[PDB]
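A.B. asks:
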Amino acid sequence: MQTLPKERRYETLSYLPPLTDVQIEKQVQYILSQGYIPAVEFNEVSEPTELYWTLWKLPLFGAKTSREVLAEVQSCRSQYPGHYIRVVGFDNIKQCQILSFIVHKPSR
Amino acid sequence: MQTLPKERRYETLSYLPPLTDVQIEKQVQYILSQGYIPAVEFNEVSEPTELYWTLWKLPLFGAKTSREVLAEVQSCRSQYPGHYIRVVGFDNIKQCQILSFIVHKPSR
Amino acid sequence: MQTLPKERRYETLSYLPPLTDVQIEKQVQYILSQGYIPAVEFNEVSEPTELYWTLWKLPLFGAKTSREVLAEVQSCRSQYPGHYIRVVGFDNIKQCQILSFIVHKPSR
Amino acid sequence: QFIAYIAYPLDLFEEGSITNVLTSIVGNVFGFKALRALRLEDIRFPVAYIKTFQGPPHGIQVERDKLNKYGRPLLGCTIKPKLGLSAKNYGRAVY
Numbered sequence: 001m002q003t004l005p006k007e008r009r010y011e012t013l014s015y016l017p018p019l020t021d022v023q024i025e026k027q028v029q030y031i032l033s034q035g036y037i038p039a040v041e042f043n044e045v046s047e048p049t050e051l052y053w054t055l056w057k058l059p060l061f062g063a064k065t066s067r068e069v070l071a072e073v074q075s076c077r078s079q080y081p082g083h084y085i086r087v088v089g090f091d092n093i094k095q096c097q098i099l100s101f102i103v104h105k106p107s108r
Numbered sequence: 001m002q003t004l005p006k007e008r009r010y011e012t013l014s015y016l017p018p019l020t021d022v023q024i025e026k027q028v029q030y031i032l033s034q035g036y037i038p039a040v041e042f043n044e045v046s047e048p049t050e051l052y053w054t055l056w057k058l059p060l061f062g063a064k065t066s067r068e069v070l071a072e073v074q075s076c077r078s079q080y081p082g083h084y085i086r087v088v089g090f091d092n093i094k095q096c097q098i099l100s101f102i103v104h105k106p107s108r
Numbered sequence: 001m002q003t004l005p006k007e008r009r010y011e012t013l014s015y016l017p018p019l020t021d022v023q024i025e026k027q028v029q030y031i032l033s034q035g036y037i038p039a040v041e042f043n044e045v046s047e048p049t050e051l052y053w054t055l056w057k058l059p060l061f062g063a064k065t066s067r068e069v070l071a072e073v074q075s076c077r078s079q080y081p082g083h084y085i086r087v088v089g090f091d092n093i094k095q096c097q098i099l100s101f102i103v104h105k106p107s108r
Numbered sequence: 097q098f099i100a101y102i103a104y105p106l107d108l109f110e111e112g113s114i115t116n117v118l119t120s121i122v123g124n125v126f127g128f129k130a131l132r133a134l135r136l137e138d139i140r141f142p143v144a145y146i147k148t149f150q151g152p153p154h155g156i157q158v159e160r161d162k163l164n165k166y167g168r169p170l171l172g173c174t175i176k177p178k179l180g181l182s183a184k185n186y187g188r189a190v191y
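Chains as they are written, first to last, in PDB author numbering: chain N, 1 to 108; chain P, 1 to 108; chain J, 1 to 108; chain B, 97 to 191.
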């Protein structure tokens with residue numbers, strides 16, 4: 001028998017082993033193939049109580065390739081190393097978020 | 001005349017001097033002789049407000065000797081040197097705890 | 001014109017310059033002359049919200065001289081150098097405290 | 097000196113009322129001219145009558161879970177004197 005260790009979790013895809021750059025690219029590719037709008041959000045602290053995160057620039061309405069989204073993540077990462085960063089996908093028809101996952105944690 | 005010093009106390013058997021390893025074995029022997037089920041519980045902070053401590057593995061339903069419980073206490077102690085550790089005893093008929101005492105305090 | 005400096009106060013006789021050992025002796029002499037029972041109290045923090053201070057030993061029911069009271073203050077002061085210490089005076093007939101003043105503050 | 101055993105039907109008593117069962121049985125049989133002394137030794141409540149009552153608000157097992165106190169008897173203290181102390185003095189003795 002084994003006792004489960006105490007660990008802080010970050011909603012969707014946080015129980016799987018940490019996402020590689022290839023894996024993130026595949027998740028973004030899913031958003032664009034369906035027809036949803038990708039966006040980058042950042043925050044100082046991650047808490048269950050707070051539900052709003054600061055919006056980086058504007059939602060990418062004119063995205064042709066998944067490389068454009070990854071370039072916006074790299075820009076937010078270099079500017080804010082000590083902030084959490086997540087990728088969200090907006091639907092216009094149903095008016096609800098389809099996907100949300102954290103790509104960066106505060107480095108040390 | 002003397003003034004009583006301010007000290008923080010931990011429920012049952014905290015006013016007695018800190019328990020020897022033989023003294024722990026004798027208390028566990030009581031739980032098994034009566035027919036109750038022994039279990040080990042651990043927590044980060046000791047507060048009067050909180051009434052749930054994290055359960056170490058499962059309750060030991062099949063225990064023949066008091067030595068088996070002591071080996072489980074030593075395992076949790078070596079794993080968590082900075083946690084509070086206590087030994088509880090469950091009754092199945094009355095559906096209530098019959099004994100609870102602290103075996104380990106956070107080391108320095 | 002002069003602007004008043006921000007300073008924390010301690011009830012009665014806190015606005016007067018710090019009391020000398022002769023001045024404290026005269027204030028205790030007042031308590032015994034009226035026929036009130038002198039008692040010593042000590043506390044870790046000085047807050048307006050809290051109204052109970054931990055009693056030092058017991059009330060001095062059989063005090064003949066003011067030297068006996070000051071000797072009890074010195075005993076508490078040597079034991080607790082970082083605690084606030086005050087002298088109180090109980091009246092039995094009115095059933096109310098008549099005088100209460102601070103004699104020691106935490107050193108550095 | 098004799099013990100008398102008396103049976104009472106369930107339907108005559110009010111549901112969930114100690115006041116009624118006390119007023120009916122030990123009402124005015126005491127203070128009778130035909131007998132010098134009377135004493136009630138014991139009473140039996142049937143299951144059907146017990147189910148009408150609420151009982152204790154919590155009980156032994158629930159109380160210990162709320163207080164978080166297991167293994168030992170609980171320790172109490174009564175403040176002396178009974179009548180005389182101030183409200184401020186009462187609280188200091190409690191503390």
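Where is the CB? At the ideal position from N, CA and C, for every residue including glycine.
Is there a Cβ of chain B sitting closer than 8 Å to that of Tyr-84/J, yes or no?
C.D. replies: Working through the third sequence from its first residue, we reach residue 84/J at position 84. No, no contact with chain B.
A.B. asks: Roughly how many angstroms separate the alpha carbons of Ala-183/B and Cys-96/J, rounded to a whole number?
C.D. replies: Indexing the fourth sequence from 1 puts residue 183/B at position 87. Indexing the third sequence from 1 puts residue 96/J at position 96. The alpha-carbon atoms of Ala-183/B and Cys-96/J are separated by roughly 10 Å.
A.B. asks: Can you confirm whether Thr-3/N, when its beta carbon is compared against all beta carbons of chain P, has any partner nearer than 8 Å?
C.D. replies: As a working mapping, residue 3/N is identified with position 3 in the first sequence. Yes, contact with chain P.
A.B. asks: Residue 116/P to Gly-155/B, Cα distance in whole Å?
C.D. replies: Chain P is shown only over 1 to 108; residue 116/P falls outside these bounds and no answer can be derived.
A.B. asks: So what does DSSP say about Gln-74/J, is it helix, strand or coil?
C.D. replies: Residue numbering aside, residue 74/J sits at position 74 when the third sequence is read from its first letter. Helix at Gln-74/J.
A.B. asks: What does the Cβ neighbour count give for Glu-41/J, buried or exposed, with the cut at 16 atoms within 10 Å?
C.D. replies: Locating residue 41/J in the third sequence gives position 41, where the first residue counts as 1. Buried: at least 16 other Cβ atoms inside 10 Å.
A.B. asks: Please compile the residues from chain B whose C-beta is within a distance smaller than 8 Å of the C-beta of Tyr-52/J.
C.D. replies: Locating residue 52/J in the third sequence gives position 52, counting from the first residue. Residues of chain B passing the Cβ test: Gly-187, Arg-188, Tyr-191.
A.B. asks: Taking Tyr-36/N and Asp-91/N to be in contact with their CB atoms under 8 Å, please state how far apart those CB atoms are, rounded to whole angstroms.
C.D. replies: Locating residue 36/N in the first sequence gives position 36, where the first residue counts as 1. Locating residue 91/N in the first sequence gives position 91, where the first residue counts as 1. With 8 Å as the limit, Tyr-36/N and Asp-91/N qualify as a contact, their Cβ atoms being about 5 Å apart.
A.B. asks: Take the Cβ of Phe-61/N as the centre, count every other Cβ of all protein chains shown within 10 Å, and call the residue buried at 16 or more, exposed below.
C.D. replies: For the purposes of this step, residue 61/N is taken as the residue at position 61 of the first sequence. The residue in question, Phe-61/N, is exposed, as its Cβ has fewer than 16 Cβ neighbours within 10 Å.
A.B. asks: Could you spell out where the beta strand (DSSP E) holding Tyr-84/N opens and where it closes?
C.D. replies: Residue mapping note: residue 84/N aligns to position 84 of the first sequence, counting from 1. That run of the beta strand (DSSP E) goes 84-91.
A.B. asks: Within the 8 Å Cβ cut-off, does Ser-120/B reach chain J?
C.D. replies: Position 24 of the fourth sequence, counted from the first residue, corresponds to residue 120/B. Not an interface residue.
A.B. asks: Suppose you measure from the CA of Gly-89/N to the CA of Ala-39/N; what does that come to, to the nearest Å?
C.D. replies: As a position in the first sequence, residue 89/N is number 89, starting the count at 1. As a position in the first sequence, residue 39/N is number 39, starting the count at 1. Cα-Cα distance, rounded: 6 Å.
A.B. asks: Look at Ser-100/N and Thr-20/N and say whether their C-beta atoms are less than 8 Å apart.
C.D. replies: On the first sequence, residue 100/N is found 100 positions in, with the first residue counted as 1. On the first sequence, residue 20/N is found 20 positions in, with the first residue counted as 1. No, Cβ-Cβ distance for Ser-100/N and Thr-20/N is not below 8 Å.
A.B. asks: Where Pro-105/B and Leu-170/B are concerned, what is the direct C-alpha to C-alpha distance, given to the nearest angstrom?
C.D. replies: By one-based count along the fourth sequence, residue 105/B stands at place 9. By one-based count along the fourth sequence, residue 170/B stands at place 74. Those two C-alpha atoms are separated by around 42 Å.
A.B. asks: Does any residue of chain P have a CB that is nearer than 8 Å to the CB of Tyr-166/B?
C.D. replies: Position 70 of the fourth sequence, counted from the start, is the residue given in the question as residue 166/B. For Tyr-166/B, the answer is yes, since a Cβ of chain P falls inside 8 Å of its Cβ.
A.B. asks: Could you tell me how far apart the beta carbons of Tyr-80/P and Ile-102/P are, in whole angstroms, since I believe they sit closer than 8 Å?
C.D. replies: In the second sequence, counting from the first residue as 1, residue 80/P sits at position 80. In the second sequence, counting from the first residue as 1, residue 102/P sits at position 102. So it is not a contact: roughly 14 Å between Cβ atoms.
A.B. asks: Using the beta-carbon of each residue, which ones in chain B are nearer than 8 Å to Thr-12/P?
C.D. replies: Walking along the second sequence from the start, residue 12/P turns up at place 12. Those within 8 Å of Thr-12/P in chain B are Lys-165, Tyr-166, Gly-167, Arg-168.
A.B. asks: Where does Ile-98/P fall in DSSP's three states?
C.D. replies: Here residue 98/P corresponds to residue number 98 of the second sequence, with the count starting at 1. Strand at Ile-98/P.
A.B. asks: I want to verify the contact list: residues of chain J whose CB lies under 9 Å from the CB of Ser-182/B, in sequence order.
C.D. replies: Taking the first residue of the fourth sequence as 1, we reach residue 182/B at position 86. Simply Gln-95, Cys-96.
A.B. asks: What are the residues that DSSP puts in a beta bridge with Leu-55/J?
C.D. replies: The residue you call residue 55/J lines up with position 55 of the third sequence. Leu-55/J is bridged to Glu-41/J.
A.B. asks: Is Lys-26/J close to chain P? Criterion is C-beta to C-beta, closer than 8 Å.
C.D. replies: To locate residue 26/J, count along the third sequence from 1; it is residue 26. No, no contact with chain P.
A.B. asks: So if I threshold CB-CB distances at 9 Å, which residues from the stretch 137-157 of chain B count as touching chain P?
C.D. replies: Answer set for the stretch 137-157 of chain B: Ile-156, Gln-157.
A.B. asks: Assign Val-125/B to one of three DSSP states: helix, strand, or coil.
C.D. replies: Locating residue 125/B in the fourth sequence gives position 29, counting from the first residue. Reduced to three states, the DSSP call for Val-125/B is coil.
A.B. asks: Since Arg-160/B is in the alpha helix (DSSP H), which residue starts that stretch and which ends it?
C.D. replies: As a working mapping, residue 160/B is identified with position 64 in the fourth sequence. Per DSSP, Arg-160/B belongs to the alpha helix (DSSP H) from 156-163.
A.B. asks: Note down, in chain order, every chain P residue with its Cβ under 7 Å from the Cβ of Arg-160/B.
C.D. replies: Mapped onto the fourth sequence, residue 160/B falls at position 64. In chain order: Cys-96.
A.B. asks: For the stretch 55-76 of chain P, which residues have a CB atom closer than 9 Å to at least one CB atom of chain N, in sequence order?
C.D. replies: So the list reads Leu-55, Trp-56, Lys-57, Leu-58, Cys-76, given in the order they occur along the chain.
A.B. asks: Could you check how far apart the C-beta atoms of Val-28/J and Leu-70/J are, in whole angstroms? I think they sit under 8 Å.
C.D. replies: For the purposes of this step, residue 28/J is taken as residue 28 along the third sequence, with counting starting at 1. For the purposes of this step, residue 70/J is taken as residue 70 along the third sequence, with counting starting at 1. The Cβ separation is near 7 Å, so the contact holds.
A.B. asks: Going by beta-carbon coordinates alone, are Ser-66/P and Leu-32/P separated by less than 8 Å?
C.D. replies: Residue numbering aside, residue 66/P sits at position 66 when the second sequence is read from its first letter. Residue numbering aside, residue 32/P sits at position 32 when the second sequence is read from its first letter. Yes. Within cutoff.
A.B. asks: Give me the residue from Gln-34/N, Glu-25/N, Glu-7/N with the minimum Cα distance to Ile-93/N.
C.D. replies: Translated into the one-based positions of the first sequence, residue 93/N becomes position 93. Selected option, being the one with the closest Cα: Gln-34/N.
A.B. asks: Express the C-alpha separation of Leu-4/N and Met-1/P in angstroms, rounding to a whole number.
C.D. replies: Translated into the one-based positions of the second sequence, residue 1/P becomes position 1. Translated into the one-based positions of the first sequence, residue 4/N becomes position 4. In a straight line, the C-alpha of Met-1/P is about 52 Å away from that of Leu-4/N.
A.B. asks: Checking contacts by CB at 8 Å: is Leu-99/P closer than that to chain B?
C.D. replies: Reading the second sequence from its first residue, position 99 is the one you call residue 99/P. Yes, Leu-99/P lies at the interface with chain B (some Cβ there is under 8 Å from its Cβ).
A.B. asks: So, is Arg-86/P buried or exposed, given that buried needs 16 or more other C-beta atoms within 10 angstroms?
C.D. replies: In the second sequence, residue 86/P corresponds to position 86, counting from 1. So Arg-86/P counts as buried.
A.B. asks: Using the Cβ count rule (16 or more neighbours within 10 Å means buried), how would you classify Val-73/N?
C.D. replies: Looking up residue 73/N in the first sequence gives position 73. When all chains shown are included, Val-73/N counts as buried.
A.B. asks: Within the chosen definition, does the stretch 46-56 of chain P reach the stretch 123-137 of chain B through at least 3 CB pairs nearer than 8 Å?
C.D. replies: Because the criterion of three Cβ pairs below 8 Å is not met, the stretch 46-56 of chain P and the stretch 123-137 of chain B do not touch.
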